[PDB]
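*Asks:* build me a structure from this.
(chains A, B, C, D, E and F, ligands or ions: 6)
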Amino acid sequence: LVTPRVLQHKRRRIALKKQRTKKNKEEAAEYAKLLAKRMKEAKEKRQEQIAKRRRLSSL
Amino acid sequence: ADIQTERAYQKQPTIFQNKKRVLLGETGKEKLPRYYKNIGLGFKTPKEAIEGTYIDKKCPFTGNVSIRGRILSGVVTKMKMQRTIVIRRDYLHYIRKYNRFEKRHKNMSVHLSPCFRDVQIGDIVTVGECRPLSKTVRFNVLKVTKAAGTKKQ
Amino acid sequence: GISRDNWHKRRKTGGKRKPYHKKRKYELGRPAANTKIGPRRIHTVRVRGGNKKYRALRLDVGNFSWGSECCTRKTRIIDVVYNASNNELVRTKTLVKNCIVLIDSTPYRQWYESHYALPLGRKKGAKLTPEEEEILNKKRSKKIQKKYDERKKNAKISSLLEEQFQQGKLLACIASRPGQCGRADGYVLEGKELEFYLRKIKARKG
Amino acid sequence: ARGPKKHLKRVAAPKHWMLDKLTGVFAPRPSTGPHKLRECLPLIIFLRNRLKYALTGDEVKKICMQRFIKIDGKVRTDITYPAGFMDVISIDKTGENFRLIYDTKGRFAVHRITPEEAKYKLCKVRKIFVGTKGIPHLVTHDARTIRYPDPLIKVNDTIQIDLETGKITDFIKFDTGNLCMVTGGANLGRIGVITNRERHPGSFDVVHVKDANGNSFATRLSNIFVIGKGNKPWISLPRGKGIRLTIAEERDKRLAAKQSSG
RNA sequence: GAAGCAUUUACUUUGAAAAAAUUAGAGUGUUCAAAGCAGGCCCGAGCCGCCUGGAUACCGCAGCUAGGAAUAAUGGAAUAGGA
RNA sequence: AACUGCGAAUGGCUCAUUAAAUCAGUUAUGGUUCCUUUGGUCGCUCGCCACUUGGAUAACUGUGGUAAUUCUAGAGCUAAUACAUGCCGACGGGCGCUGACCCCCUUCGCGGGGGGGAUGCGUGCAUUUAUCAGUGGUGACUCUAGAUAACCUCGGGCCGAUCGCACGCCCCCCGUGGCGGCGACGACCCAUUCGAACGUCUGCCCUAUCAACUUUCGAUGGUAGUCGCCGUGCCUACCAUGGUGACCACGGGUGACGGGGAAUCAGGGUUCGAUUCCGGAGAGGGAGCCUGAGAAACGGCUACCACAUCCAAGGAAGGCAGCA
Ligand SMILES: [Mg+2]
Ligand SMILES: [Mg+2]
Ligand SMILES: [Mg+2]
Ligand SMILES: [Mg+2]
Ligand SMILES: [Mg+2]
Ligand SMILES: [Mg+2]
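*Replies:* Residues are numbered from 1 along each chain as shown, chains lettered A, B, ... in the order given. Ligands and ions are numbered 1, 2, ... in the order given. Provided below are the atomic coordinates:
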């Protein structure tokens, strides 16, 4: 029998879907900016190593 | 003589041979690519495994075995029983009451890949433990050391 | 039942060993599937851990790959023609892991006609006209004809595959294990192993 | 045996539990959980044998079923739940907030920490792998699976996570000169500074540790839990600070203590 | 510090790992003891409790690890295919 | 009461078997399975009931059978987190092939170099193949993740038709709907815990009045399979002729379960360990299975053998090496 308790349970299930897809989106965006800043640092260290090669190739 | 001496076609499973050989290539000479791997623990891959043409699915360098566990040594005693040799491992067993030793030995059958060509009786081999390869074979030859030889008559 | 234990074999020295326990459930075997060619019949068996296996008892279709062209099509299996283990597995038409089969070649040639726009496997041509002329020509545009010609310059197929496509049947090799997975999938034989297996099949003839 | 065992005899129990002999045949038999059987402390013995808030197992069962015992911020009602190392037990009716860390005898000591410290814990990275759709994961010395960690974090490093979110706050690398605690073996519970790590391919790596008094010792890499950046621990060390006293100087200290108070 | 050892072993010393119980052994007046793993200190009473233990050793041979290198075995240049 | 779920594979007992077997220390799974706990994951898929679909069956009523059992038949009801069947939403699209058409181009008659694109065909995880490139990782991958072409088993993989406790919030389009917190149960998969199973190295009593064994009917190895949870003569086909032994193989005995340990007591040693902890094995003897994550289970079943109980002689029921 359809009861407002049953409809409340259905709404609760849909709300769990909403909150977990929002969780996925937020986590992915935060990790995207983390993977920017990290290995942006590693790229600039490789550029520093290349600049060290250039510095020690002209003395 | 050739490598295709069985009823089934012998090939390395991870090499695709039919890679669209067209007129831009030479007919010949073509040489099909060779799969080999570096096993760890500081053991060099022999060059005969690099440009040999044998197919051996139990070879530690061109096959599907992985070396893990124990690394042992022994002396070759039999070289019958194709692609497999018998080595002998001598050791001393301590007996407490007489506080002396006695001399014991154990044979184990090991897989000898055809990347080791000049192997003779009396040679010292290094073996590495792998998964069971047959009823009695659990080790695989990694390195062959000659004994008092290299000069013949 | 049928058991695949170790303690019933003789020792390495040849000595006879005694059993110290009854045969356990974890060391059982089962009767072989003996997959044949016919309308599809698959029985499931409940296995260790509650998982499933699929005894393919009779199979008629399979998923085979060209490989050189990277074309995978479902196609019908016609016959078993060679087996490296046993000849009775050929004469009883049994599908096992490394057997050599004959498969229908129409999906592969249909992909070839649709992709390269060259007639493949045609004896004399201009016979199936109201389908083949419209599937080869299209009166297509210019740049698309240019890219089709760029495909056309690298569209040569070996002579063995050519005569097999003329015959309508291709030689393939199973790569899955029917009776474990319930499927008979594989690849089309090409090149050196095609020559090898053709020589073998010729050799048993006479 | 035809299946898994569900009992545990009393003399077969872990020694560091300090169970006696005459009070039973059986031992509490910790349930399956985020800690191993030999490296845990089920709630029944922590609540009955160490804190003595209970005298039997029924009293433990009812104070658990009143639903105020919190392990890592979650209410646990299973009286044989494996508590395990570096885990925070909060009572928060009496307001204790213990943490489980070894003393220098290799035994789980009662260690009261402040309410502000009970927000976080230290976890040791045991695996990093990439899951489906190319997203990385890590598995701690607990069963915790953290998704999207920092890409600088490698295996057998430690991470500071905060409870009730599970997110990573900070981490330190396993590097020479960092403070560590030994979490298994003969030197269990000792605290020192990493000086050397020599690698044995195939076999286990051994790490050489020097404590505050210069007593150098070695142990396997699996029994190393880094706890601080260089010299300062990130948690509160227990009484004794992980310095193992010899039996002679411990006897001297005990005699001096009984002379002062006696 | 990344890499390797100008032989490889035995030997010896060290370090890890060798269940608990039992044995040896530290502490503790079970009324003594065999035992046990406990206990001890102030109350003029709020004391709405304080201190402390539940060590340590040993665990053959085989396996792993780091120093020594005498003793014992073994190896390198003689058709030089030597460094 | 009964259906459903779970447990009954732990514990207890005994030491008959068992001599590189069991077992101990060591090591391995990069060669596998794993109920439960714990942590991840559960709008990632473009595709005329959803404000809830369908049929039964117990308990219950009632008519019985048999000498006899935890034996059950026929009739009439009624449930589900049992058994099935099956949407909506997210959902706007994105991405990859396909490309009729449309636009700017060397322009001269063309060769043109770039762009938009209607229409189609596919898409997620798991499965089974094949190909390509080389985000994290190990001493070492044929690892992990990615890309492509497909497949995806009707004894047919997931993508919630389940259940409690608080009861609240938004209303224009309009007051009749729409939203919400905390749990319980559930799940394909990954990790974790408890393991289990298979392996590596070394180690066992007496006997030669046991010196050669094994190999037709697998003995040792190779190739391809089959089966299995996986590695492997585990089994099959085709080959090769191997493998072990005076450093005691093979065979026989044991009044032999192994070990931690026990007695003795200069140092050495000699005996003992059925027996409360760990490991194994068995349930009168052999054999075969069902169910389940897990058993070749015996306080489960089937059969034979040996004992044995009740019977109205048609049948039926057994298993103390659990506690007494
Ligand atoms: Mg059950
Ligand atoms: Mg006996
Ligand atoms: Mg015994
Ligand atoms: Mg027992
Ligand atoms: Mg049994
Ligand atoms: Mg039985």
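
*Asks:* and the gap between residue D:230 and RNA strand E?
*Replies:* 17 Å (C-beta to the nearest atom of the strand, to the nearest Å). The way it works is simple: take the backbone N, C-alpha and C, and place the C-beta from them, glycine included.

*Asks:* and what of residue D:140?
*Replies:* 21 Å.

*Asks:* surely that residue and residue D:155 touch.
*Replies:* No. Checked against C-beta atoms under 8 Å, the pair residue D:140 and residue D:155 is beyond contact range at 10.9 Å.

*Asks:* give me the common contacts of these two.
*Replies:* Any residue near both residue D:140 and residue D:155 by C-beta atoms under 8 Å, 6 or more residues apart in numbering or on different chains counts here, and that gives D:125-126.

*Asks:* looking at the two, which has the bigger crowd around it?
*Replies:* Legend: neighbour count by other C-beta atoms under 10 Å in any protein chain shown for residue D:140 and residue D:155, higher for residue D:140 (21 against 13).

*Asks:* next, give phi and psi for that one.
*Replies:* Note on residue D:140: its backbone torsions stand at phi -90, psi -170 [degrees, to the nearest 10].

*Asks:* same check, this time on the one 4 residues further on
*Replies:* Here the main-chain torsion angles of residue D:144 (degrees, to the nearest 10) amount to phi -70, psi 130.

*Asks:* ok, it - how many residues close by?
*Replies:* For residue D:144, using other C-beta under 10 Å, the count is 15.

*Asks:* also residue C:67?
*Replies:* Neighbours of residue C:67 (other C-beta under 10 Å): 18.

*Asks:* same check on the one 3 residues further on?
*Replies:* By other C-beta under 10 Å, 8 other residues sit near residue C:70.

*Asks:* go ahead and confirm residue D:124 touches residue D:222.
*Replies:* No. Contact criterion C-beta under 8 Å: residue D:124 and residue D:222 do not qualify, at 9.8 Å.

*Asks:* need the contact list for the residue of chain C found nearest chain B.
*Replies:* Nearest residue of chain C to chain B (C-beta to the nearest C-beta) works out as residue C:84 at 3.7 Å. Residues counted as contacts of residue C:84 (C-beta under 8 Å, 6+ apart) are B:6-8, C:98.

*Asks:* in chain A, mark out all the helices, start to finish.
*Replies:* A:4-55 (DSSP state H).

*Asks:* how about the residues of it by chain D?
*Replies:* Proximity of chain A to chain D (C-beta under 8 Å from any C-beta of the partner chain) is limited to residues A:27-28, A:30-31, A:34-35, A:38-39.

*Asks:* need the three-state assignment for residue C:148.
*Replies:* Under DSSP: H, G, I helix; E, B strand; the rest coil, residue C:148 falls in the helix class.

*Asks:* scan chain C for its longest strand.
*Replies:* Secondary structure of chain C per DSSP state E: the longest strand is strand C:72-82.

*Asks:* is it correct that residue C:48 is in contact with residue C:24?
*Replies:* No. Assessed by C-beta under 8 Å, residue C:48 is found out of contact with residue C:24, at 11.7 Å.

*Asks:* residue D:124 and residue D:222: which is more packed in?
*Replies:* residue D:124 (21 against 16).

*Asks:* which strand residues bridge that one?
*Replies:* The partner list for residue D:124 in beta bridges (DSSP bridges) reads residue D:158.

*Asks:* that one and residue D:172, how far apart?
*Replies:* Distance, residue D:124 to residue D:172, by C-beta to C-beta, to the nearest Å: 11 Å.

*Asks:* shared neighbours, these two?
*Replies:* D:157-158, D:226.

*Asks:* contact partners for residue 30?
*Replies:* You didn't say which chain, so I picked chain A. Contacts for residue A:30 (C-beta under 8 Å, 6+ apart) come out as residue D:148.

*Asks:* meant chain C, my bad for not saying
*Replies:* C:2, C:45.

*Asks:* doesn't it belong to a strand?
*Replies:* No. Going by three-state DSSP, the assignment for residue C:30 is coil, not a strand.

*Asks:* tell me the domain ranges of chain C?
*Replies:* With domains defined by curated CATH domains, chain C comprises C:1-30, C:31-105+C:169-206, C:106-168.

*Asks:* can I get the ones you listed in a markdown table including distance to residue B:61?
*Replies:* Output for the domains of chain C, formatted as a markdown table (distance: least, C-beta to C-beta, whole Å):
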| stretch | distance to residue B:61 |
| --- | --- |
| domain C:1-30 | 27 |
| domain C:31-105+C:169-206 | 23 |
| domain C:106-168 | 32 |
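
*Asks:* would you mind finding the most buried of those?
*Replies:* Mean neighbours per residue, mean count of other C-beta atoms under 10 Å in any protein chain shown, is largest over the domains of chain C for domain C:31-105+C:169-206, with a mean of 16.

*Asks:* got the phi/psi numbers for the residue of chain C closest to chain B?
*Replies:* phi -80, psi -20.

*Asks:* in chain B, which spans are helices?
*Replies:* Going by DSSP H, chain B shows helices at B:47-51.

*Asks:* tell me where it has strands.
*Replies:* B:71-78, B:84-95, B:100-111, B:124-129, B:139-145.

*Asks:* quick one: those strands as a markdown table, columns for mean neighbour count and distance to chain D too.
*Replies:* Shown next, in a markdown table, are the strands of chain B (neighbours: other C-beta atoms under 10 Å in any protein chain shown; distance: least, C-beta to the nearest C-beta, whole Å):
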| stretch | mean neighbour count | distance to chain D |
| --- | --- | --- |
| strand B:71-78 | 16 | 8 |
| strand B:84-95 | 14 | 20 |
| strand B:100-111 | 14 | 19 |
| strand B:124-129 | 19 | 10 |
| strand B:139-145 | 19 | 13 |
